[PDB]
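Chains as they are written, first to last, in the entry's author numbering: chain A, 1689 to 1746; chain B, 511 to 1189; chain C, 1049 to 1097; chain D, 951 to 999.
For every residue, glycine included, the Cβ atom is placed at its ideal position computed from N, Cα and C.
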Ligand SMILES: NC(=O)c1ccc[n+]([C@@H]2O[C@H](COP(=O)([O-])OP(=O)(O)OC[C@H]3O[C@@H](n4cnc5c(N)ncnc54)[C@H](OP(=O)(O)O)[C@@H]3O)[C@@H](O)[C@H]2O)c1
Ligand SMILES: Cc1cc2nc3c(=O)[nH]c(=O)nc-3n(C[C@H](O)[C@H](O)[C@H](O)COP(=O)(O)O)c2cc1C
């Protein structure tokens, strides 16, 4: 699906503009080896509930 | 009559009042220019036909020779060729819903089925919609040569807009109609109508007044206040026949409007109405193609008094709300889950400008799709892997199966439209075009007529193309699908395939016919359906599937009984009796019956100069109503359900040295003329 | 058709093309619709060139 | 040449008598082919296989 859409609309490569983390989260992700992106609004973004969460070590 | 005895500068252009001199006109008695007395002049009266039938002689009934109770011409209901015919035979007049036909040939066929089924000689009208320049592109030229062939189309009502004056000239003079109907909604539209009538003081014009309390399309203006300013300046145009509708369902419901005693609520003279048309009252008739569940729903929805019809813009008022059209014109519709969803959508998404529309749809996508599959009639198309989904995540086979399920009624083994059949076929043409490679071979689809039972054809077809059951729809075959779904000249798609700026373009267009066939509804739940109806009229729609003839007869009889009790003292013998009803004015309207000389054994010579034509015809007619007076005065001669011009209406043109002989109480007319000196 | 697409021979035009609605492959130089077969027979000489 | 010309003549004679409205229906509606660019991840064999 993606390839067909792209090769038709010349958007195979979509340049990223903002990182998955936010500037206020760009460090706290770096220190947690378990904080990983969750998805919302059809976007894969880092949150705060994922950083140093108490449930990612069950 | 008002006489401005102070000043002598006569006269006002419309002769509203007299001046100083009108005291002095000393011609033997002719001075007494009386004032229009609406309560006396055009009061509803009774008249017995020679067959013993009793009619309500009005200015309108007198025009149509039948009861003063006509049927509007709604596009969904009135387009069915059965309801309109089965009520013409009931004796009441109907205008055919021209809106429901997109092709001249289809309308011509429907007309021909009408003519074959109505009584020989009856005539019908055609309701057109002025804001469809395509429909007036081919309808008007059709009416021209059709009337030229002489089909019994006796009227053309131009609803949803009043034409300009010079185009009304064409509407009147060229196409040989008997009466022209107009549906004004604004006081300025009424001014335009009067500007029209004064241009052709002899061609009758039926003014159909509909307030805002009506059904279907909708008008903002109140029902009374417009006419309460124009009743006077209308009645000063003798050609305009005024008919009020928009929410009438019972005999006593409308009786004050016929009598005119309705103005008492406003401390005004009684202002009688000529005729009364009907809208939503008839949709529950047996002879209507309204879905049984839809009729049941209509009977369910309670009415709303006129004092509180304006609250329809907010809440379900007895189960009826208005809502903006594709173009923002209000449209009174019954209140179903689908209709509530319609209103909510118009309220939040469609009111927005173009820009944020995409985003609003994006943040509301799943919620929209929820009710579009739950409450609306054009459901969300994509449905794959047991989940609602987008289009581009469906295999070809399941795409085709969904198209079948949403465009072919398995119960009646028919297509919603053959043009949809052709769309489906044109899509399979692309499927096979795709999944084949350098073949130059025969297509499994040679004739789209194979598709008249797709259920098995496609099923066996996907064997020659197995992987189309598993490869998803490609995009170039998806955008093509959409481009099909909105090709011109095709019936609009019965579902919604996407969420884009054209959302309403798929959501609202052609949202009317489904009330006729709820079997095309995904679950045949009327709550998906868009049914048009009038708020105030609903408080009378209590019986379902009653014959269309009975309704109008049930109310005409109530009117007759009331008018007998009131203006004839409960004695029917006092009712005047005429042989036939129509054509000549029996009440002395401003028509030349005084120069009509009636007699038993009469001869009167004539020369080339005296007289002109019309009054000569009248002289020949005689005052009273006899077959000869009819035949000499009738405008129309029926030739086996045709309406061709009257032969005598020109062959008896005044001529030099001629003479006519009407002797032995009109038992024979005998016209003479001079030949070679002999007569 | 892929080598045509990356060499800039065809461009998937969509929408209205000279009035008619269109969703398909189009030449890149004159911008006229082209079936999926004429791709080879029409460009294979140039592509390999 | 005679088997060509007599064939042409009897074809056009039929196209006149039968009319040119059904003779197009004798020519079968052949299928144009499209391209079917998939992506086609490498085919997974079955486990036991
Ligand atoms: N005054 C009132 O109270 C009142 C009440 C109800 C409705 N109305 C009016 O009456 C109209 C009723 O029509 P609608 O709203 O149901 O239609 P619609 O949703 O406005 O869509 C009609 C369009 O679809 C196309 N179409 C429809 N059927 C077709 C067929 N069988 N074949 C090919 N093309 C077809 C037509 O294209 P073409 O251009 O090719 O014809 C036409 O432009 C409305 O537009 C409304 O304004 C007024
Ligand atoms: C079921 C139904 C279908 C209608 N279809 C049309 C139409 O195709 N064109 C039009 O100008 N008015 C249409 N109308 C409006 C009526 O002609 C009239 O203006 C209104 O019904 C009068 O209001 P009332 O029903 O309360 O007397 C329709 C009304 C109803 C109830």
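Residues of chain A with a CB under 9 Å from the CB of residue i: which are they?
| i | result |
| --- | --- |
| residue 1060(C) | 1695, 1696, 1697, 1698 |
| residue 902(B) | 1689, 1692, 1693 |
I need the boundaries of the alpha helix (DSSP H) containing residue i, first residue and last residue.
| i | result |
| --- | --- |
| residue 1692(A) | 1690 to 1697 |
| residue 764(B) | 761 to 769 |
| residue 739(B) | 734 to 745 |
| residue 1126(B) | 1123 to 1131 |
| residue 942(B) | 928 to 945 |
| residue 848(B) | 847 to 855 |
| residue 646(B) | 645 to 659 |
| residue 618(B) | 614 to 627 |
| residue 1162(B) | Unbroken run through residue 1162(B): none, as it is neither H nor E. |
In angstroms with no decimal places, state the Cα-to-Cα distance between residue i and residue j.
| i | j | result |
| --- | --- | --- |
| residue 1054(C) | residue 1701(A) | 14 Å |
| residue 1733(A) | residue 1010(B) | 26 Å |
| residue 1025(B) | residue 690(B) | 30 Å |
| residue 644(B) | residue 585(B) | 16 Å |
| residue 1016(B) | residue 1716(A) | 48 Å |
| residue 894(B) | residue 974(B) | 22 Å |
| residue 728(B) | residue 789(B) | 12 Å |
| residue 1740(A) | residue 1706(A) | 22 Å |
| residue 549(B) | residue 745(B) | 12 Å |
| residue 1100(B) | residue 714(B) | 14 Å |
| residue 1721(A) | residue 1746(A) | 14 Å |
| residue 738(B) | residue 1131(B) | 39 Å |
| residue 764(B) | residue 620(B) | 32 Å |
| residue 1693(A) | residue 609(B) | 41 Å |
| residue 1063(B) | residue 556(B) | 15 Å |
| residue 861(B) | residue 871(B) | 12 Å |
| residue 972(D) | residue 978(D) | 12 Å |
| residue 628(B) | residue 833(B) | 37 Å |
| residue 1737(A) | residue 1726(A) | 10 Å |
| residue 964(D) | residue 957(D) | 11 Å |
| residue 1032(B) | residue 921(B) | 12 Å |
Can you tell me whether residue i is buried or exposed, with buried defined as 16 or more other CB within 10 angstroms of its CB?
| i | result |
| --- | --- |
| residue 1690(A) | exposed |
| residue 1084(C) | buried |
| residue 1189(B) | exposed |
| residue 1104(B) | exposed |
| residue 596(B) | buried |
| residue 1177(B) | exposed |
| residue 959(D) | exposed |
| residue 583(B) | buried |
| residue 1191(B) | It is not possible to answer for residue 1191(B), since the shown part of chain B is limited to 511 through 1189. |
| residue 972(B) | buried |
| residue 1119(B) | exposed |
| residue 659(B) | exposed |
| residue 633(B) | buried |
| residue 694(B) | buried |
Which residues in chain B have a C-beta closer than 7 Å to the C-beta of residue i? List them in chain order.
| i | result |
| --- | --- |
| residue 983(D) | 943, 946, 947, 948, 949 |
Closer than 9 Å by beta-carbon distance: list the chain C residues that pair up with residue i, in chain order.
| i | result |
| --- | --- |
| residue 987(D) | 1049, 1050 |
Along chain B, which residues have their Cβ under 9 Å away from the Cβ of residue i?
| i | result |
| --- | --- |
| residue 995(D) | The premise fails here: residue 995(D) is roughly 17 Å from chain B at the closest Cβ pair, so nothing lies under 9 Å. |
Identify the continuous beta strand (DSSP E) that holds residue i and give its terminal residues.
| i | result |
| --- | --- |
| residue 691(B) | 689 to 692 |
| residue 465(B) | Shown here, chain B extends from 511 to 1189; a query on residue 465(B) therefore has no answer. |
| residue 788(B) | 785 to 788 |
What does residue i reach in chain D if we use C-beta pairs closer than 9 Å?
| i | result |
| --- | --- |
| residue 1084(C) | 982, 983, 984, 985 |
Closer than 6 Å: is that where the CB of residue i sits relative to any heavy atom of ligand 4?
| i | result |
| --- | --- |
| residue 758(B) | You won't find ligand 4 in this model; what it holds is ligand 1 and ligand 2. |
Run down chain C in chain order and give the residues with a C-beta less than 7 Å from the C-beta of residue i.
| i | result |
| --- | --- |
| residue 993(B) | 1069, 1071 |
Residues of chain A with CB under 8 Å from residue i, in chain order?
| i | result |
| --- | --- |
| residue 984(B) | 1692 |
Can you list the residues of chain C that residue i reaches, using a CB-CB cut of under 8 Å?
| i | result |
| --- | --- |
| residue 990(B) | 1071, 1072 |
What residues of chain D sit near residue i, judged by a beta carbon separation below 8 Å?
| i | result |
| --- | --- |
| residue 589(B) | Correct list: empty, because the minimum Cβ distance to chain D is about 33 Å. |
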